[PDB]
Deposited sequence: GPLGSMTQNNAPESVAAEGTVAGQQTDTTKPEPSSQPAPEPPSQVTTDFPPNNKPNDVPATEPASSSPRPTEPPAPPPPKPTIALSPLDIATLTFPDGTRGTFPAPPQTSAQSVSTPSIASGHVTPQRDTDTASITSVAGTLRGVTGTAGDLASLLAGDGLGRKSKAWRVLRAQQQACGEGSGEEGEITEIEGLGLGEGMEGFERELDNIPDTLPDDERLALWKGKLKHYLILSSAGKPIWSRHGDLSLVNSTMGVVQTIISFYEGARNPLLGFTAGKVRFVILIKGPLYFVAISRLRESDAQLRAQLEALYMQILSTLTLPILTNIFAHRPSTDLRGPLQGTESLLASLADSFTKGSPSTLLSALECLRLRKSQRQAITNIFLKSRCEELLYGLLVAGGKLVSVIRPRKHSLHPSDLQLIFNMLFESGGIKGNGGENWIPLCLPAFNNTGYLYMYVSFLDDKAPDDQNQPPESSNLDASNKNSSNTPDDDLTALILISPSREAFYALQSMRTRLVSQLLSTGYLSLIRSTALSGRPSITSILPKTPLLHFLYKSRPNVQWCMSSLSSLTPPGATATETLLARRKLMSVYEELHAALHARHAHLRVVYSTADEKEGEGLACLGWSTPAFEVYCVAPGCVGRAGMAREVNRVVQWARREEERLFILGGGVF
């Protein structure tokens, strides 16, 4: 894949600005960051800054607060403003103002989606009446938000597509997993859910209640995309809100590692006295899985990464792809090992992932442009080899792909058709179209 395109200061972009160096070059380093996430109150006093300290960002957030106060006095809320290569996107959620400052050539829609995900995390930690009453506010949530924003900066396909990934299990094996995971329903579980390394495995559901995709994204961005599930390697009775299910219901989540890549079990209950009961869940689940050897199958399927693009489609020129089912609201992709040379450090793979994700981001901006009904978008970056990319946005699915620059339009649109055929061939395997009883 083409190296050294577009931005060039991302190798240290995730590195936090130290506090030892004086405040002048400290603010210079903060402003030099490619991406900024800020949360401020109605009065505009600083609430949360992704990179800088609150005192450092106080002046910047005061200036933007004066701007927003004048616009609110003018009855015209601000939705963002563009200064050349940089773009400011502001989303108005109650007393809170969320601003995302992007130098990575990202559209208004993607920044709004990321700010909405941060707001959903805040709403999940603090219930909506409490969110209105606070106008402390982010106790414990600051690290989760910082890590989730870092995941956004590195390129998060799940937030781009507003969908989730899957483990790619055989339909028979996944059906057996769901059957076992429902045979221990305990007559108490509200939302059952099982994940292997950020990839959803199985879901059991009540008859009337439906597990909304927004709740799925909220849970996944809380646990796996933010990586806040790490460190609490044990019994976790985490409080929850699930605003899609109810914006005032203060639900409860049971999280425990399947260490009996790292499989996690997520169980939602509306009662706080049910943790022990959900404890009687997990063992009755785990042993059953350990009786069937299935948990080993989940561990092995998660241990091996995304399927290789050559293995998915033999003799293909595509280097990567990103398929997404709208009706199943779930996505998948090929491995990123093919993007980088086999001997690669964290920096090289990180840069390659960010670069590929920026290509997908500009393609998604092209397809998902309001007042613009674009079905297929193709682009070719020169990279003085080259790179080519296509995005298909039919009402049935959504495909993104990347190939070397020497393919041509038809020579890789054929590959897009082939990967669509592969995805619809394994729609049962790659996605959880249903759930439980």
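By the record, the deposited chain contains unmodelled runs at 1-193, 329-337, 463-490, 615-616, 670, with no C-alpha atoms placed there.
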